[PDB]
Structure formats: C-alpha cells, structure tokens
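J.:
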Amino acid sequence: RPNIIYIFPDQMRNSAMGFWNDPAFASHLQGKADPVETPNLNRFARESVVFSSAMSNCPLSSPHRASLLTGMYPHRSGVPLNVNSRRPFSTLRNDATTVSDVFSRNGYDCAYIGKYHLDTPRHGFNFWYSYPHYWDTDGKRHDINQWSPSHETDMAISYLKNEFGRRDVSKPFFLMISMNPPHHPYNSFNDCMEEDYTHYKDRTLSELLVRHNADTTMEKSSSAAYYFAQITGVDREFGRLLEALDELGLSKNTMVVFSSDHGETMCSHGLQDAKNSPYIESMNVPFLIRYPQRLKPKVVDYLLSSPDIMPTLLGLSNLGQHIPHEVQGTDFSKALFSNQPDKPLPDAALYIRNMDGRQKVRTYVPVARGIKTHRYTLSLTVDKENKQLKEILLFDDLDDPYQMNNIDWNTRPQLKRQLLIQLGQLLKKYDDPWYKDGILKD
C-alpha cells in the first residue's frame, strides 16, 4: 500500500541537524549538535521516528549504497571499496536482489535520482536519473548547471506530480533520491546558494565548530560554513519535497525516510581527508522515518546499520514476508510498529575499513574492524602485509562523547571481554573476511 521516498544527501553527519539542540532530543545525540540551520528537518523530526544511533558500518559512499540496496555487508554486497576503474572487482553484484527488485516485483513503480555509480567502468527502477551530467531513462545526457540538489528535487517533484507521465499513478512508488551537493571543488564558495550561505557568513570558527574535538586552526576550518550552508540548502530542498507531498494527496500515505551515506568529521580530531574513520562524526548518520498512519513520533537508540535499511523498509511496507533470504540485515519494522515485544534487537554494529593491494587492483585487505555499542566504540587496525595488531581504539562514548580519551583496554579487562566477544559474534554472524581468514584469532 504505502509509497516510499528515501532521501539521502552525501557527507551529512547526524549531529548536523538543528533539532538536536532542543531538550526533547539533545540527550540522545553523542555530543553537541552542530549550529546548523535546518528548519524543515526540525519540523520533520517532531512528526517522525528519529534514530539517534544509526550507523554507516563502512563510512564510504559506494559501500553504503551497495549495503543500502542489497541489505548485505561490503564483503557480500560486492562493493567493499569505493567504486573505481582501478578496483574492477568492487561492483554491485548483478545477480543480487535489491530493495527496488523486491518492490518492483511487488507492484511498485521504482525511481532512482542522483549519484549511483555502483558499477565499475537498473534493478527494477522504471525511472532513472543518475548524476553537470545527468542521464534519462532513455540514456539521454542532460548538462544543467543548476545547483544539483535543486535540479534533483525538481525532477523528484515532477515525478511525484506525474508531470511527464513517467509513472503509473494507480501503483505505489519507491523513489530514491541521493542529493549530491558539489564539494568536488571545495575552496571557492561558488557551489552555494546565497539563500543558504547567508546564515553562516559573519560567523566565527568558534561559533561554527562547537564540538570539543574540533581543531579550529586548520585550513579546512574555513570550509565549515560552506559545509553547513549546503546542508541548509539540502534541508530547504527537502522542505520543498515535503510541501509537494502535501499539495498532492500523498503526505498521509507516504513513508518518508531521510538519511545519509556517511558523516563528515569536519576538523574533528584535526582530521584532514575526513572520511572512512570510526569516529562518531564519521559513522553516525541521520535517520528519520515519517509514516503518518503506522508510526508514532518518538526517538529510538537502535543501532541501525546500512544492511538493516532494506529489510526494515520492506517490513515497514507490509512486505516483510518477501525479504530475500541471504539478506543479512535486521528488520526493525516489528520493533518500530509495536511496543518493544522482541528480544534479538542488535546490541552492537560493525565498523568496516578495507583498502587495495595493487597490480589493476583485484583484491581488498580487511585492515580494520570494530563495533559500536550503545555505550562504547572499539576499532582495531592491523598491518596490511601481516595481519597483526597495529592500533586499538576504545572510547566510552557516554563519558567521552567527543572521543578524546582513548582508553587502554588492559586497564579494563572486564570490558575487554565483553567487547571482544561482541565483535567476534558480529564478525561471524555476517561471515566477515576477518573470519574467513581468521584474522586476529587472538
């Protein structure tokens, strides 16, 4: 029955949403909220289920998208590394059953808009508009200089109104929108609309970077206003979509999910090249579900993972009996619908980091694995050539939200037992390469 709109911008961390500053929400976000302007997401959060601890296990664009569409982790999804010609083996498995595959096979219209690029140089999607370079359902190339989130919202809205007859309105739809603001140039503020930047000019770095781990002396620190301004612009475009949903008869019977592929530390821990790291600024992503008829507005601390989105989506659409059987994710629909009447709710989520070994790269090395629980963060890194322990990251995220006190785990052996058992259980339950190769049998 229900329509589904899944909107996810790039590089938006969970802390960068204004309503995390309010008393009814702040106690659930790890650390201080970002001083960002997101009025539409603010109103949206009060009518939706807000996930405080949704995680991107592999905090990279391509691995998350593969895990989002397949409900499986980067070793089973086929994308453990960022999709690139120089890693031909990293690609969405053609013989995989995606979330759109199930929906389209169950009488849905399926539309994808934005950055895809999960194939090295469709899956039931009737409507295709990939991302200065866009491609139609026909293969038509469209070069438009309009700010990319604006153009993708326009195409999303026209699809919703059926302005051009690209969908059968007598069917439900599953519309995926990946909003792609342009950080590829960074430096110059050109890729920003005045309407959104105007909130962050005349703001000091101390006013912009409010998280205690933020290095306010970097060259990247001048980009903070740029980063927040595009988030504001994406929220503004998200509000346009919500108003469009209201002007049609769609708001009451549409499940609207807002998320992101990964976060952005943004000078947290003084991090240049701020991507693919176990820090909460890089792993915690937004996750909000507005299901007006079937979901009551609340805040949940579920450890949601990328492979968990597809089964949960299918479950929330009364399609829980059609989830493919090698889908490793967890269906949170029964927990979201009812009043906590289930036991096997995940206690921790995986963190995955891999890299290449060249000569043109055909294999990847599982150099880092870890778990994020309700209270703790653990991440273990090993040598590339000899899988021996190289680094240990342990943070008490309740007392150290900004992850500034790397606890030595030998000082707390009781916690070391708990977390190492949990990491092993997670690594085997999903059959991680750290299990195939038995990495760190220690």
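Under the deposited numbering, the residues of the sequence shown are numbered 31 to 151, 179 to 188, 197 to 424, 429 to 511, in order.
The beta carbon of each residue, even a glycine, is placed where N, CA and C say it ideally should be.
According to DSSP, simplified to helix, strand and coil, what is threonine 297?
T.: Looking at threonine 297 - three-state DSSP - the assignment turns out to be helix.
J.: Looking at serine 92 and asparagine 124, is the spacing between their C-beta atoms short of 7 angstroms?
T.: No; because the gap between Cβ atoms is not below 7 angstroms, this pair is not in contact.
J.: By how many angstroms is the C-alpha of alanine 126 removed from the C-alpha of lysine 226?
T.: Their backbone Cα atoms lie some 31 angstroms apart in a straight line.
J.: If you drop the 5 nearest sequence neighbours on each side, which residues of the same chain put their C-beta closer than 6 angstroms to that of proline 372?
T.: Hits under 6 angstroms: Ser97, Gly101, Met102, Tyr103, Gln393 and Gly394.
J.: What does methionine 244 pair with, by DSSP beta-bridge criteria?
T.: Per DSSP, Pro39.
J.: Contact check, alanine 309 vs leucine 240 under 8 angstroms by CB: the rounded distance?
T.: Actually they do not touch by this definition, with Cβ atoms about 11 angstroms apart.
J.: Need the endpoints of the beta strand (DSSP E) that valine 132 sits in, please.
T.: Unbroken run through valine 132 is the alpha helix (DSSP H), 129-135; no beta strand (DSSP E).
J.: Determine, using beta carbons only, whether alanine 414 and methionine 85 come nearer to each other than 7 angstroms.
T.: For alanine 414 and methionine 85, yes; Cβs fall inside 7 angstroms.
J.: Compare the C-alpha of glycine 137 against each of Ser316, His105, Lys236 and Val80 and name the closest.
T.: Closest option to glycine 137, Cα to Cα, is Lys236.
J.: If we count the other Cβ atoms within 10 Å of its Cβ and call it buried at 16 or more, is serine 253 buried or exposed?
T.: Exposed is the call here.
J.: Give the DSSP-derived three-state secondary structure of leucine 360 in the structure shown.
T.: DSSP places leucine 360 in coil when its eight states are reduced to three.
J.: Secondary structure at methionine 220, three-state DSSP: helix, strand or coil?
T.: In this structure, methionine 220 counts as helix in the three-state DSSP scheme.
J.: Going by Cα to Cα distance, which pick from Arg431, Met244 and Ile34 is closest to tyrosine 199?
T.: The shortest C-alpha separation from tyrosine 199 is found at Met244.
J.: What distance in whole Å lies between the Cβ atoms of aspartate 466 and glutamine 60, which are believed to be in contact at a cut-off of 8 angstroms?
T.: About 6 angstroms; that satisfies the 8 angstroms criterion.
J.: From which residue to which residue does the alpha helix (DSSP H) around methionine 258 run?
T.: Neither: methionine 258 is in no alpha helix (DSSP H) and is coded neither H nor E.
J.: Based on Cα-Cα distance, which residue from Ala279, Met348 and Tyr265 lies nearest to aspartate 40?
T.: Cα-wise, what sits closest to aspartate 40 is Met348.
J.: If you follow the beta strand (DSSP E) that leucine 463 is in, where does it begin and where does it stop?
T.: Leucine 463 -> beta strand (DSSP E) spans 458-465.
J.: Threshold first: 3 residues or longer. Then list the beta strand (DSSP E) segments lying entirely within the region 326-381, N to C.
T.: As far as the region 326-381 is concerned, its whole beta strand (DSSP E) runs of at least 3 residues are 352-355 and 363-365.
J.: Write down every uninterrupted run of the alpha helix (DSSP H) in the region 78-108 whose length is 4 residues or greater and which is fully enclosed by it, in chain order.
T.: DSSP runs (the alpha helix (DSSP H)) wholly in the region 78-108: 91-100 and 104-107.
J.: Given a cut-off of 7 angstroms, decide if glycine 144 and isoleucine 222 are closer than it, judged by their beta-carbon atoms.
T.: It is not a contact, given that the beta carbons lie outside the stated cut-off.
J.: Using the beta-carbon count (16 or more within 10 Å), is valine 234 buried or exposed?
T.: The residue is exposed, with fewer than 16 neighbouring Cβ atoms inside 10 Å.
J.: Since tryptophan 503 is in the alpha helix (DSSP H), which residue starts that stretch and which ends it?
T.: Segment 502-505, the alpha helix (DSSP H) holding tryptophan 503.
J.: Quick check on the burial criterion: 16 or more other C-beta atoms within 10 angstroms. Buried or exposed for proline 69?
T.: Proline 69 should be labelled exposed.
J.: Mind checking whether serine 134 and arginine 355 have CB atoms under 7 angstroms apart?
T.: Result no, Cβ atoms of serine 134 and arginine 355 do not sit closer than 7 angstroms.
J.: Could you name the residues of the same chain whose beta carbon sits closer than 7 angstroms to that of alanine 56, not counting the 5 residues immediately before and after it, in chain order?
T.: For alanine 56, where only same-chain residues beyond five positions count, the Cβ hits under 7 angstroms are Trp50 and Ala63.
J.: Specify the secondary structure class of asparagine 114 as computed by DSSP and reduced to three states.
T.: In the structure shown, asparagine 114 sits in a strand (DSSP, three-state: E or B).
J.: Classify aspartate 203 as buried or exposed, calling it buried when 16 or more other Cβ atoms lie within 10 Å of its own Cβ.
T.: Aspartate 203 is exposed by the Cβ-count criterion.
J.: For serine 115, count neighbouring C-beta atoms within 10 Å of its own C-beta (all shown protein chains included) and say buried if the count is 16 or more, exposed if not.
T.: Label assigned to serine 115: exposed.
J.: How long is the line joining the alpha carbons of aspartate 139 and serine 107, rounded to whole angstroms?
T.: About 24 angstroms.
J.: Residues in its own chain within less than 7 angstroms of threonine 218 by CB, not counting five upstream and five downstream?
T.: Here the set comprises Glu302, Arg305 and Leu306.
J.: Does the separation of the CB atoms of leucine 90 and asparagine 341 fall below 7 angstroms?
T.: Contact flag set, yes.
J.: Can you say whether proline 197 is buried or exposed, counting buried as having 16 or more other CB atoms within 10 angstroms of its CB?
T.: With fewer than 16 other Cβ atoms within 10 Å, it is exposed.
J.: Cα separation between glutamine 424 and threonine 263?
T.: Looking at the two C-alpha atoms, the distance is approximately 48 angstroms.
J.: Quick one: grab the DSSP three-state call for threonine 395.
T.: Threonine 395 falls in the coil class under three-state DSSP.
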